[PDB]
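Residue numbers (the deposited numbering), protein chains in the order written: chain A, 9 to 76; chain B, 2 to 61; chain C, 1 to 240; chain D, 3 to 74; chain E, 1 to 52; chain F, 10 to 110; chain G, 1 to 380; chain H, 165 to 218; chain I, 56 to 109; chain J, 1 to 49.
Note that CB positions come from ideal geometry on N, CA and C, so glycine has one too.
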Ligand SMILES: CCCCCCCCCCCCCCCCCC(=O)OC[C@H](COP(=O)(O)OCCN)OC(=O)CCCCCCCCCCCCCCCCC
Ligand code: HEC
Ligand code: HEM
Ligand code: HEM
Ligand code: HEM
């Protein structure tokens, strides 16, 4: 896209905090322990919710300043 | 030369009929002035958001 | 899943106690609904005469109504004809009945977005997080074809294809039609559609607050003035 | 039924006109100590039930958010 | 706190009022049976066996 | 022992009617037995009770209390309605046991 | 000449009731509340009358008529949200009025108390049917839940519920008869409130001390008249800041969808003035026992005159029973919080302990505390 | 009317008003009976009925 | 039902499908007529026997 | 005796214009009545609005 989405810029800025990156390695340990063919019903919904909650709280702190 | 509440009572508030007359007159003055002030304040809070602030780029 | 994700609180321009809606954003979200959202969702409780004095003049809204065609009748011969729309007409439904709505959208019925802000927890924050939260599913859960992963939807497997993207439509005023801007405009417009009385309600509330802040010390002073006979009364007891 | 409600002997009451006396005579200066006096009389009977049920509310919310976790 | 109502006079009063209260209970039972058309009772009365 | 008396005095201070100038026997909710006990009172004690109740109502209206020197102390709290009330309950029990036989 | 206020056969009632009525001088602001209730009652009636002028009781045109009131009728949103938030504020004044009656020993007026319990039952039924009336999702499913627990009654419950329904489920017959009953019930409440005031005025009103207030009595006018005007204006302040700033903080979002019998909501609950009753209901694992416990909860509130084992009327000089009273109030708050929660851990055990403590405080511990302070003050 | 003629708004408001009026009629009938019972009722001869009342 | 499309139809539903709904509706109409009969005779009796002095 | 009664001091409650016991009244009664009736009139204006 020639028109750059500001939401992607705010999101990648909000990957630079600390709670988001701690949830990022938590999601990393989750998906390589369930991607190792463990044959379980366990998925990574909780880790994705924690990371998305931290990232979206960071985004909602500073999203509407650059939007018109 | 008494105070202004003294002559205000002695000319306006002593008789009940003129008391109600000045209540009605002050009520119509107050409703006009209070609507002016309230729309002024509500206009001052909300620059650029109301329809009357933007009905010139589209009205033509 | 049993656990669910709550939408964050966004700093809306109407989020204040005395803050009004931005009518340019409501207009932009109206055309976002018109060229995108009107193909699947209905708006059974909003007419073209609800937009005058809000986002459009009577000529622009009349042209918008005369753009689309409305079935009307029957005539003297007893047949339904296809007239141009009027200001009094409601917004046109995409489907005549919910059964063809479920058939066209693979079982799922697209709901009426008239009070979709007031029917959901979070309000327009839920709509903004739903439209700008379409992400890939995590490992350990498999998604069948015809379903999409949106974590803000209950059950996290929504049946709505992702409707908005960058430059999905063109704005009349030259606003850059980014995805987040389109989502914000349509969330403002849906907030207006759920509560069309919102600006008048907040103006009436400001008038109420000023009048009651005037009235409360005055009637308190009147009550205390009448009760000061008892509040300053002194008692004495002198038996012989 | 004024005049026959009770029988009171040797009691003298003095009252002022409302127009000869202030509406708010020493309002804050003798209103604040009376408010804290009533507060000191009543909080030890009123508040600890609300403190205890705030604790129950917080513990129940914490147990509900913990009970929906993944592990184990 | 109804220990006032323990005595021979109250016992004699209650003993006198048993048959009147029993007859009034009979009237109330017959009135509730008739006004509701209960099938547990009218099917046993010989004359009323026509509506069921 | 004396601990129970001191703890009773602490509860008497915690009850709060003594800060209104009241006595214990004024705080009785008047049933028919208490009404007959008041009716049998002498005139001076009746007038003192009426003034104490009126002063307590005047203080409760203003949400105030007496100064701490004017509080009713636990020592001189004379129990004036107890013998009249005891004879009223005894006569009522006599009428009750006559009517129960 | 003569005195027209005291000798006119119509003005004599108003003079005896609101002008020259002897009232205690020391009654606090809680004594405003019942008068506010009456004002709130007529406010409801007035708003309801205008909501009866554009509403159609029919399942095809109930929700659409409500949206027509909100959008097309001039200030119809204002009158509708005034009706709903004034119902909530009516129950706020109701709970504070009943709590005043419980704390200050006003339940010794037995006929007035039982008449008030009848008024309480009538206003709860009126609010339940009125909440069914707009025909949203939560209206339909709450009506279904309440009628099913009414159908839990053995051998007459099924017949009574299919006779209340007018059919085999909740349909337009139920909606029309609920509209008729919700219309007619507030006038019965008004006549019953007239009887309530009649019994109170022939027995007199009570002071917060609980003592005989005949020594210091004042006319109702102009003290309590202006005090009730101030209370009315404060009640209007709270009602207007609820209707004009937060219209939906007490409302249910799922009521803004059209009613669907095919789709059930994930969570079904009544409004916040029914939530403690629902939590008392949900604790007992027996539906007949749950309905029995609900009706006997309101009936032990009615039975509270017969548990008075103390020589002092009010709780002003009874601090142990004051502590138990505030435990009861906090327990009611806990039951209100639990009633809006699902049946998950740890809400079942908390709700069961809350209902057990509620019944134990009302029935057992309060007369025991009264006897304890009776002994402790050397009263017996 | 609520409009230019008799229409749906007129029918709804007439249903509400027809519902509300008989209760006001009942209250006015109570006031009617009260005003009668203040002074007693009238006999067909128009005389004073205080000499013979039942 | 107080809507113009479903008023006459609701009245026919009362008279045809509701159990003894015809009895209720025609009792209501003829009771209104008998109410005005009683009202006219009440007024005329008040006029004849001089009851307007109250 | 009945001459033994004296009204207690109301100086903690009296207005600023009637504190002085050595000066006559009726030179300030109209001002106090005007203040009270002005409060009542403003309340009536707000209630009427
Ligand atoms: C000391 C002050 C320190 C700080 C200094 C600052 C000033 C603060 C105020 C000072 C006041 C000084 C004293 C004057 C007030 C009057 C006396 C008073 O209130 O004393 C405290 C009171 C003592 O008890 P009292 O009522 O006086 O008498 C009982 C008989 N012994 O004690 C109490 O009332 C205590 C009550 C405790 C209640 C605990 C309840 C626990 C259980 C709750 C369960 C509720 C929920 C249940 C839910 C079930 C389902 C889950
Ligand atoms: C056809 C491809 C659609 C377009 C264009 C839009 N939406 Fe949609 N949406 C669609 C369906 C089939 C459904 C049914 C529910 C499901 O299972 O997917 C929906 C649902 C919604 C909802 C409700 C979400 C909920 O939790 O109930 C909303 C709020 C919504 N859609 C918003 C929305 C907007 C704002 C649109 C314009 C950009 C839009 N949708 C377009 C299908 C389609
Ligand atoms: C006789 C007087 C009354 C009439 C005519 C009346 C009429 C109505 C009508 C027509 C509605 C549906 C309108 C709507 O909600 O969209 C309604 C709703 C309601 N009424 Fe009433 N009502 C009356 C009195 C009361 C009273 C006394 C209460 C209780 C305090 C009450 C509580 C409610 C409630 C809770 C609702 C639901 C509001 C909502 O949609 O959330 N009503 N009433
Ligand atoms: C339905 C709404 C109700 C209305 C309109 C109402 C009305 C009133 C009014 C006007 C008073 C006199 C003013 C006062 O002292 O508070 C009063 C007092 C009283 N009411 Fe109610 N009431 C209602 C509900 C109840 C209920 C549910 C009860 C029972 C718990 C009740 C019991 C009492 C008692 C005991 C008093 C006397 C208290 C006292 O004066 O000391 N009322 N009510
Ligand atoms: C709404 C319909 C009315 C009702 C329910 C009603 C009810 C009553 C009742 C119960 C009485 C006492 C019993 C009796 O004397 O017959 C009465 C008497 C009376 N009514 Fe009416 N009334 C109605 C209409 C009227 C009208 C329209 C008038 C005026 C023309 C009227 C004037 C009187 C008079 C003058 C009496 C007393 C005469 C007497 O007792 O001898 N009434 N009414």
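At a cut-off of 9 Å between beta-carbon atoms, residue 38 of chain A makes contact with chain C. Identification of chain B residues near residue 41 of chain J by a Cβ-Cβ cut-off of 8 Å yields 14, 20, 23, 24, 27, ordered along the chain. The CB of residue 221 of chain C comes closer than 8 Å to the CB of 39 in chain J, given here in chain order. Sixteen is the threshold: since fewer than 16 other Cβ atoms of the shown chains lie within 10 Å of the Cβ of residue 92 of chain F, the residue is exposed.
For residue 199 of chain H, the uninterrupted alpha helix (DSSP H) segment begins and ends at 172-203. The straight-line gap separating the alpha-carbon atoms of residue 11 of chain J and residue 22 of chain J is approximately 13 Å. The beta-carbon distance between residue 71 of chain G and residue 45 of chain C, rounded to whole angstroms, is 7 Å. This is short enough to meet the 8 Å contact definition.
Residues of chain H whose Cβ lies closer than 8 Å to the Cβ of residue 105 of chain I are, in chain order, 206, 210. Cβ contact annotation for residue 27 of chain F (same chain, cutoff 6 Å, sequence separation greater than five): 80, 81, in chain order. Interface criterion met: the Cβ of residue 48 of chain J is under 9 Å from a Cβ in chain B.
By the Cβ-count criterion, residue 40 of chain G is buried, with 16 or more other Cβ atoms from all chains shown falling within 10 Å of its own Cβ. For chain G, the residues of the segment 193-208 of chain C that bring a beta carbon within less than 7 Å of one of its beta carbons are 196, 197, 201, 204, 205, 208, in chain order.
A distance criterion of 8 Å places the beta-carbon of residue 131 of chain G in contact range of ligand 3, judged by its closest non-hydrogen atom.
Flagged as an interface residue toward chain G: residue 4 of chain D, by a C-beta distance shorter than 9 Å. Below 8 Å, too few C-beta pairs join the segment 291-307 of chain G and the segment 230-237 of chain G to call them touching: fewer than three. Around the C-beta of residue 52 of chain A, 16 or more other C-beta atoms lie within 10 Å, and the residue is accordingly described as buried.
For the segment 23-41 of chain C, residues whose beta-carbon sits nearer than 8 Å to a beta-carbon of chain B comprise 23, 24. Judged by DSSP in its simplified three-state form, residue 16 of chain D adopts strand. Near ligand 1, meaning a Cβ closer than 7 Å to any of its heavy atoms, lie the following residues in chain order: D:42, D:43, D:45, D:46, D:47, D:50, D:51, D:54, D:55, D:58, F:20, F:23, G:319, G:320, G:322, G:323, G:327, G:330, G:331, G:334, G:350, G:353, G:354, G:357.
Proximity of residue 20 of chain J to chain D, defined by a Cβ-Cβ separation below 9 Å, is not satisfied. In the DSSP assignment, residue 165 of chain C falls outside any alpha helix (DSSP H), carrying neither H nor E. Shown here for residue 89 of chain F: same chain residues with a beta carbon closer than 7 Å to its own, the five before and five after excluded, namely 34, 54 in chain order. Contact between residue 43 of chain J and residue 219 of chain C holds: their C-beta atoms lie close to 6 Å from each other, under 8 Å.
In this structure, the alpha-carbon of residue 202 of chain C lies about 38 Å from that of residue 262 of chain G. The beta-bridge partner set that DSSP reports for residue 235 of chain C consists of D:15. For the segment 17-44 of chain C, not one full-length beta strand (DSSP E) segment reaches 3 residues or more.
Distance between residue 229 of chain G and residue 18 of chain G, taken at the CA atoms: about 13 Å. The beta-carbon separation of residue 259 of chain G and residue 137 of chain G, rounded to 6 Å, stays under the 8 Å limit for a contact.
Residue environment: residue 44 of chain E is assigned as exposed (fewer than 16 neighbouring CB atoms within 10 Å of its CB, all protein chains considered). Apart from sequence neighbours up to five positions away, the residues of its chain that approach residue 224 of chain G with a beta-carbon distance below 7 Å are 23, ordered along the chain. Contact of residue 31 of chain J with chain B is assigned, a C-beta pair being separated by under 9 Å. Residue contact check for residue 11 of chain D against chain J: no CB pair falls below 9 Å. For residue 237 of chain C, the C-beta contacts it makes with chain F under 7 Å involve 60, in order along the chain. Here the alpha carbon of residue 16 of chain G sits roughly 49 Å from the alpha carbon of residue 196 of chain C. Three or more Cβ pairs drawn from the segment 198-211 of chain H and the segment 87-107 of chain I lie within less than 8 Å of each other, which places the two stretches in contact.
The three-state reading of DSSP puts residue 11 of chain F in helix, counting H, G and I together.
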